[PDB]
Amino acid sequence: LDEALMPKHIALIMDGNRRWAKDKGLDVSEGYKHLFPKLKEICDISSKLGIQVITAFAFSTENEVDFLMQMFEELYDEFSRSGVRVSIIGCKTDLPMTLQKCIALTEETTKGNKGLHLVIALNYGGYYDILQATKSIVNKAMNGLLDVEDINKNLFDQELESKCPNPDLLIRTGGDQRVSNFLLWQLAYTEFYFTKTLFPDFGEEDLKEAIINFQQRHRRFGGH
């Protein structure tokens, strides 16, 4: 592990919680109860390593489920007094009104934090991020606030919910090799790391192993 070659932004697809529980013969709720505690541990480790941002896929727009929407309220107690600045991205208006308030509370109470920035993607999809940006651009163009000529990569970077700097590394647990409608635009040149390890079993040595693998890779960005 070389401290100089640390990625600044890690994206995380936190897959395998359901399978973890079912394979163990536990109630599926037991898998979900590991989600935020494990994410908090990963934030703690990452922050020590000098990682600046984590964007973590918690619930896609395509994803029982009454349980999940209630559990997602315990963001507050994990993070509110934690030193982590927390942002939530996704379709917030589709959520039960009380989860909406819990999310806002978590965001408001941590917005002053100067440590690691945790971005939780909850009812999020890449398609929907791109579409909301497109709509924002169209409304602006309709109101004479920009021209088609102004529609470029940087404009789009500013209208998307997940902002620059983009992820350097994406880690997906659970064994499947796909992005599953996570950060599509933002992943254009991200290094991908896939592991069979299920999210509840993913520890500090697994995280370190992913980062070491990242550091060995040559990033060329269309050049060299």
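Each residue number is its position in the shown sequence, starting from 1.
Unmodelled residues of the deposited sequence between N63 and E64: 4 to 9. 119 to 127 and 79 to 87 differ in mean CA B-factor, and the higher of the two is recorded for 79 to 87. Taking only CA atoms, the mean B-factor in the PDB entry is higher for 25 to 33 than for the other of 25 to 33 and 164 to 172. Among all modelled residues in its chain, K38 ranks in the middle third by Cα B-factor. When all modelled residues of the chain are sorted by CA temperature factor, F67 is found within the highest third. Per the deposited record, the Cα B-factor of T93 falls in the highest third when ranked against the other modelled residues of its chain. Sorting the modelled residues of the chain by their CA temperature factor places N154 in the middle third. Sorting the modelled residues of the chain by their CA temperature factor places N113 in the highest third.
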